[PDB]
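Below is one structure; the comments refer to it alone.
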Amino acid sequence: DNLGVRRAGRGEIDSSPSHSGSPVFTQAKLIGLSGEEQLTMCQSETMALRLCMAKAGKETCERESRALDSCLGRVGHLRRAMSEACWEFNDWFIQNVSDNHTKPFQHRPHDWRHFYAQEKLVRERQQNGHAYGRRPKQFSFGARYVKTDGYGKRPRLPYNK
Amino acid sequence: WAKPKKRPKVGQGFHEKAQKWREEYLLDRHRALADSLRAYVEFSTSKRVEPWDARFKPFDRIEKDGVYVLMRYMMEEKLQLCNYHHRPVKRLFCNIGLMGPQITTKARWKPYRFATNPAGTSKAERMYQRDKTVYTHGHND
Amino acid sequence: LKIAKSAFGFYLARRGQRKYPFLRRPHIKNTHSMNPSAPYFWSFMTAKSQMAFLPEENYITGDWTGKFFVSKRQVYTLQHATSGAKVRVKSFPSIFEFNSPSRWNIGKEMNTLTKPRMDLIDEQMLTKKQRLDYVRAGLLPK
Amino acid sequence: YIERXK
Amino acid sequence: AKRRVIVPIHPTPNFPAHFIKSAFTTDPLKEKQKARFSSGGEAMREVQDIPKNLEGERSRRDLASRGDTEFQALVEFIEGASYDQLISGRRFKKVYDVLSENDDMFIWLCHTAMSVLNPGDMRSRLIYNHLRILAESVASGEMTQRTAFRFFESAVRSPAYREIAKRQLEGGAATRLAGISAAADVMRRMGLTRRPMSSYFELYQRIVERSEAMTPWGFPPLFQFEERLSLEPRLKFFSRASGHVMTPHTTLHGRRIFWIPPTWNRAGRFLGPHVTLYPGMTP
Amino acid sequence: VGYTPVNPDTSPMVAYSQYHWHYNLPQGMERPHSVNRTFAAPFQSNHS
Amino acid sequence: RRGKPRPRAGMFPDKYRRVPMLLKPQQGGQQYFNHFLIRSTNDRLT
Amino acid sequence: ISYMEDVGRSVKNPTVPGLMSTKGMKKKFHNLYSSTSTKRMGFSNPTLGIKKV
Amino acid sequence: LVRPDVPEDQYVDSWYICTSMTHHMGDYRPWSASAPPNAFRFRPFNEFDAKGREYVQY
Amino acid sequence: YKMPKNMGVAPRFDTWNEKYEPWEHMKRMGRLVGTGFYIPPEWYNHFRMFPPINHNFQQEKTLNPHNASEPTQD
RNA sequence: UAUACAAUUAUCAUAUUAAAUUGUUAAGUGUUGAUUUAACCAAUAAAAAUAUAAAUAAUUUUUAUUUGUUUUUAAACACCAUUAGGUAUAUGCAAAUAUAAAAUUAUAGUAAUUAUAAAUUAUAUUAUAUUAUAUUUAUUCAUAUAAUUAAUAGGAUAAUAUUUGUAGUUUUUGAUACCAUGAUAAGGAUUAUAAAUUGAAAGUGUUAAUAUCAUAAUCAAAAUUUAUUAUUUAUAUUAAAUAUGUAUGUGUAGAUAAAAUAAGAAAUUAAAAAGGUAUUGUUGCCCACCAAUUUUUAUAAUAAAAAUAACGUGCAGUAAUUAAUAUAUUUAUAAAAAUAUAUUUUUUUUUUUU
Ligand SMILES: [Mg+2]
Ligand SMILES: [Mg+2]
Ligand SMILES: [Mg+2]
Ligand SMILES: [Mg+2]
Ligand SMILES: [Mg+2]
Ligand SMILES: [Mg+2]
Ligand SMILES: [Mg+2]
Ligand SMILES: [Mg+2]
Ligand SMILES: [Mg+2]
Ligand SMILES: [Mg+2]
Ligand SMILES: [Mg+2]
Ligand SMILES: [Mg+2]
Ligand SMILES: [Mg+2]
């Protein structure tokens with residue numbers, strides 16, 4: 055039954071939705087659950103409590119620890135919410151955006167070769183329609199200042215060799 | 029399941045070698061046996077250390093009082109007759125009856141291999157210093 | 031079996047190192063039959079009573095042409111020493127012989143006077159591999 | 295890896 | 015290479031021809047493959063889905079006495095609560111398939127109601143007859159949903175249509191009531207459902223569920239309708255469907280309905296599904 | 010299958026097959042047998 | 010098991026899988042409920 | 268949480284470092300146990316096993 | 060449920076198959092036919108359970 | 009050489025519409041019925057006299073986004 | 001033997017309407033020394049930033065002009081060789097993919113083709129769809145022997161059988177010590193808790209069609225070399241089938257074993273993206289040198305090219321054990337390798353002023 059849907063179930067091999075042909079494997083990384091850059095709920099809390107803990111041992115603060123674990127207690131349902139919404143996104147995306155791995159990759163430079171060609175063409179017509187894909191010869195670190203008069207001190211256009 | 033590989037031939041002159049080896053193994057075993065029987069009976073006759081543990085009671089008590097009194101005046105001849113081997117010592121203490129029920133329950137005796145040491149033994153190393161060429165089952169001095 | 035030391039090596043499987051019910055192993059090989067005991071000398075590997083008669087094999091049961099070896103359970107009798115006759119027992123490789131009579135033998139079985147596992151090891155019956163392994167055990171010199 | 299063909 | 019030589023077996027009083035060719039193969043690279051499946055009368059009549067033909071008197075008699083199949087399916091599912099039977103997922107499947115026999119027809123109609131900005135006035139007999147005819151052609155398979163939809167929007171309405179639409183609509187989105195009352199009306203006057211309400215209810219329900227979806231009334235052109243590649247049945251648009268270490272070796276070990284129950288050759292230690300090994304005490 | 014034929018009395022796979030009586034059928038006697046009543050054989054011992 | 014890593018704990022069926030939910034934990038002290046109810050109502054009136 | 272009490276905190280790191288040195292021990296990952304490849308057909312993908320350095 | 064829910068005296072564990080069968084093939088009697096008419100928790104008698112019957116008797 | 013996964017079954021992104029376009033079925037069914045040897049489906053009995061709109065063309069053959077292709081969906 | 005390219009879009013060598021060319025900046029000394037590298041060895045180390053407008057379109061430049069090779073190291077990096085040095089980047093020469101073409105190879109007579117891209121190929125740290133691997137206890141592991149497998153035959157209390165005592169050698173050959181097909185084991189890796197099992201098909205001596213060396217079988221009392229086995233560790237110790245004499249050494253090397261189930265353990269992780277010159281597919285295929293031969297010729301250390309199935313060296317290629325491809329220069333048992341450029345017919349990892 056998994057033919058004609060060339061994407062298979064979910065959490066499953068070949069379930070991944072595609073965007074301009076390269077599949078989407080970063081979903082969690084988006085909603086900021088489980089990422090190195092991940093969204094952080096409570097900071098001021100833990101820094102406040104750490105501050106207290108480091109200051110002195112005479113007075114003890116459960117006054118902070120309560121604020122903090124109140125915070126975490128909420129954080130749980132917040133996360134289940136975000137995860138839920140994101141699964142909804144995976145579905146919406148699959149319906150209305152993804153091409154199901156049908157269209158050519160856009161994400162590697164050679165896939166844009168035509169574009170680059172357009173600019174090579176330009177640099178050639180500037181050269182009297184001649185040197186295609188040619189570039190100025192690299193010179194030396196000290197190129198300008200080590201060369202005597204009569205020799206080119208700066209790299210020329212390639213047709214101007 | 030591999031087909032079993034056939035066993036190689038016996039050897040030559042091995043039948044005489046084996047006959048000889050077993051033969052003189054037995055003629056040796058005769059002096060082994062003789063020596064060990066001497067050692068065993070010699071052990072049986074000679075004196076041993078006291079089989080009871082003086083770290084528990086009714087034994088820890090001063091040798092001028094309690095059990096030892098019962099031992100000095102009433103039991104002495106009997107204990108010296110059996111050379112303090114732990115089996116008849118314990119049995120005599122059973123039969124004297126003035127300790128009566130305690131011999132097994134309350135009282136405590138040295139482990140088998142320690143109680144076997146010769147009279148006048150000083151250091152524990154004496155357990156491993158007994159002759160090893162003799163077959164008495166740890167029953168030799 | 032790996033090596034066939036007999037007929038049965040063809041028929042039998044070893045089945046690893048396998049446990050048998052107490053005191054029943056299919057092939058009785060008494061490695062312990064000669065196992066020196068001074069104090070236990072009369073009670074060990076011998077008649078459970080001193081009041082029993084000698085076994086069947088201490089007597090000629092019928093008209094015999096004659097025998098090669100007497101069975102190993104035949105007890106050594108004073109006549110075994112005195113008479114000066116061939117006393118043969120089937121051991122390995124071939125046969126053991128009571129040649130040099132002594133009175134220290136009397137009243138024990140030749141099951142007891144014959145060492146089943148000898149310390150003498152022929153290298154002619156061993157594979158090169160086997161010899162290697164016995165060298166591992168620190169039995170054979172090399 | 296080199297020998298893999300045997 | 016010591017190739018295995020299999021002797022062919024000839025048909026026998028108890029070993030008939032087709033049995034031989036099905037259960038025995040002389041090419042021993044084909045041994046130990048897997049199990050093969052076949053069907054006889056009823057499972058074949060289900061699988062092959064050969065639509066019957068109308069015929070002489072018996073077939074018409076059987077059309078007459080037919081009665082309500084939708085209720086029959088339900089009775090037969092329900093009857094699994096009788097003491098002498100079980101509750102069958104197959105009986106339920108047959109139930110389901112008769113409830114949803116039309117299904118996609120409704121789906122099509124949703125699109126005509128909700129997927130089209132300004133489909134004229136849907137009360138007027140003209141556009142109404144367009145809708146009616148196309149619907150009856152989506153049912154009875156005479157047309158593809160795609161073709162019927164593209165027909166519906168390209169159907170002839172009225173001269174200078176857009177310029178008349180500028181006299182009513184700003185951004186060209188009409189009101190959707192006329193459309194739904196129409197699309198329920200068609201299914202009622204066409205005989206589409208056995209029980210009258212079902213038309214209206216399904217059409218309404220399917221809309222109300224989609225109302226909550228992001229960009230609800232637009233659809234990708236390829237997935238909207240029948241096309242080579244499709245969406246998985248949960249994501250289709252107006253659709254009705256919107266130990267642990269030892270478990271692979273366990274398999275059979277739960278409470279398991281079987282097809283062919285295992286046999287002693289093919290399963291070594293399994294005791295049967297009914298068995299309760301750690302029984303509790305009950306009065 | 011083998012050189013030793015299955016003895017059909019002991020073997021369930023014979024007994025309970027379609028060509029004999031399975032254990033879930035009702036286990037009664039199939040037909041009566043009068044052998045010794047129909048034709049009777051007079052006694053002649055092989056020993057005098 | 011054999012020359013392989015032991016599974017993670019959650020890869021096994023539940024340790025207490027055969028012990029009914031009412032048992033873990035036991036709810037005991039049912040005797041005191043009524044007492045603490047009457048107590049709290051009397052309190053309220055005060 | 269059973270047994271709550273008001274007692275003061277202790278000093279940070281009251282424990283004296285153990286007699287087994289964890290530092291001089293090298294952490295092993297991939298070759299640690301022995302695995303069996305589920306690879307059905309074809310050359311095993313070189314990027315995973317061998318490719319970097 | 061794997062098999063119809065009925066008193067297990069109607070079931071026999073099959074030989075060679077892992078499954079059970081009815082020793083009267085295909086027929087079934089409901090629990091109501093095992094006990095006397097209108098038996099509370101179908102029972103030989105309504106007074107007590109098994110253990111209760113036994114120790115009362117004792 | 010690596011490709012996007014489903015390219016084998018990738019649809020023709022220009023022409024996949026043609027097959028389903030109403031005019032097509034109008035013409036085909038037109039010369040099918042004409043034979044005398046086919047029974048016209050009823051949709052054809054209907055759109056026979058209300059043939060579909062002329063100048064709506066897809067965005068595939070006409071490459072313009074700004075073209076408002078539809079009198080309806082505009 | 002003769003017998004009908006394209007002209008709307010075709011990648012290796014016959015270019016052509018074009019604005020360039022020229023710019024004098026930077027960087028350098030305090031002191032007693034393990035920098036760089038997966039790893040060696042020579043031995044001061046810092047550094048070289050600026051330009052737009054403008055040049056008109058086409059019709060006789062094709063012997064003209066033009067497509068990354070460049071003086072000066074007394075300046076370095078870098079690269080090549082290894083402590084000695086070489087070299088260290090557009091003033092000589094140097095047309096050349098950006099496509100005008102007619103099946104592959106081949107200097108334009110050789111072989112009969114070649115080339116090609118989407119099927120298929122298990123591991124690249126994703127959210128707890130709803131709960132835990134970092135705990136416990138273990139590791140001295142041995143046992144087989146003394147040859148004949150070939151058919152029936154009934155008894156006391158029964159109407160009579162010496163059938164008491166039933167007598168016809170000799171033409172066949174496989175399960176054997178021996179080649180002689182089948183078939184059932186072991187092996188935990190994601191269908192979960194409710195009225196419920198923590199053991200699987202992919203085959204472990206004995207089993208049914210290949211015959212053409214031989215009697216090898218326990219009924220006692222017996223000979224250690226075999227990967228695949230939980231033994232009793234200090235108060236008392238051999239009586240019935242005969243029953244194990246050796247190893248006290250700081251609970252001590254390496255390396256190993258078992259378990260989440262009527263027992264008692266609790267928070268760290270795991271699902272989703274991927275290539276094949278093979279084609280039941282890596283035990284897959286291929287690459288060059290290195291012999292014979294065969295055949296055409298435009299004979300360069302040792303001619304060139306094409307067929308080809310030995311021998312020997314390797315392991316060049318299939319993202320393939322330092323990714324490949326093209327040009328360039330160098331290097332060389334042989335595939336090829338080093339460096340300089342371009343490049344993906346190589347696999348991807350992603351800051352819209354922080
Ligand atoms: Mg590739
Ligand atoms: Mg693919
Ligand atoms: Mg050209
Ligand atoms: Mg087999
Ligand atoms: Mg020639
Ligand atoms: Mg040549
Ligand atoms: Mg290479
Ligand atoms: Mg290679
Ligand atoms: Mg390579
Ligand atoms: Mg190359
Ligand atoms: Mg080159
Ligand atoms: Mg080379
Ligand atoms: Mg090269």
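Heads up: the protein sequence lines correspond to chains Cm, DX, CS, Cd, DL, DJ, CK, CR, CJ and Cb, in order. So that you can map any letter, position 32 of the first sequence is 86 in the authors' numbering, and since no number is skipped, the others follow by simple counting. So that you can map any letter, position 48 of the second sequence is 76 in the authors' numbering, and since no number is skipped, the others follow by simple counting. So that you can map any letter, position 69 of the third sequence is 99 in the authors' numbering, and since no number is skipped, the others follow by simple counting. So that you can map any letter, position 3 of the fourth sequence is 297 in the authors' numbering, and since no number is skipped, the others follow by simple counting. Counting with the authors' numbering, you get residues 15 to 256, 266 to 306 for the letters of the fifth sequence. So that you can map any letter, position 18 of the sixth sequence is 27 in the authors' numbering, and since no number is skipped, the others follow by simple counting. So that you can map any letter, position 43 of the seventh sequence is 52 in the authors' numbering, and since no number is skipped, the others follow by simple counting. So that you can map any letter, position 28 of the eighth sequence is 295 in the authors' numbering, and since no number is skipped, the others follow by simple counting. So that you can map any letter, position 25 of the ninth sequence is 84 in the authors' numbering, and since no number is skipped, the others follow by simple counting. So that you can map any letter, position 39 of the tenth sequence is 47 in the authors' numbering, and since no number is skipped, the others follow by simple counting. The beta carbon of each residue, even a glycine, is placed where N, CA and C say it ideally should be.
Residue i - containing alpha helix (DSSP H), residue span
i	result
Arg115/DX	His114 to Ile124
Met57/Cb	From DSSP, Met57/Cb is part of no alpha helix (DSSP H); its letter is neither H nor E.
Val129/Cm	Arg117 to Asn150
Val200/Cm	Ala197 to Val200
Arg166/CS	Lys158 to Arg166
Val100/CS	That residue, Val100/CS, is in no alpha helix (DSSP H); it is neither H nor E in DSSP.
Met211/DL	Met211 to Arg224
Residue-chain proximity (residue i, chain Cb), Cβ-Cβ < 8 Å
i	result
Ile283/DL	no
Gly186/DL	yes
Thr126/DL	no
Terminal residues of the beta strand (DSSP E) in which residue i lies
i	result
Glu127/CS	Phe126 to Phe128
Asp72/CJ	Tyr70 to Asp72
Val119/CS	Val117 to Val119
Neighbour flag for residue i against chain DL, beta carbons, 8 Å
i	result
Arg27/CK	yes
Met20/CK	yes
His74/Cb	no
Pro14/CK	no
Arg60/Cm	yes
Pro12/Cb	no
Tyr114/CJ	no
Bridge-paired residues (DSSP) for residue i
i	result
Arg76/DX	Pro146/DX
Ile76/CJ	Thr286/DL
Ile33/CS	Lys33/DX
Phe29/DL	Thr26/DL
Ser76/Cm	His73/Cm
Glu105/DX	The partner list for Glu105/DX (beta bridge, DSSP) is empty, contrary to what the question assumes.
Beta carbon proximity, residue i to chain CJ, threshold 8 Å
i	result
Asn33/DJ	yes
Identity of the residue in the options nearest residue i by Cα
i	options	result
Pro66/CJ	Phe101/CJ, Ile76/CJ, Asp108/CJ and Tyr114/CJ	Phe101/CJ
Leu43/DL	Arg18/DL, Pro25/DL, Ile64/DL and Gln62/DL	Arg18/DL
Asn33/DJ	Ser73/CJ, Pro96/CJ, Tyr117/CJ and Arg112/CJ	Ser73/CJ
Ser119/Cm	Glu138/Cm, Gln97/Cm and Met136/Cm	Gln97/Cm
Minimum Cβ-Cβ distance from residue i to chain DX less than 8 Å
i	result
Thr144/CS	yes
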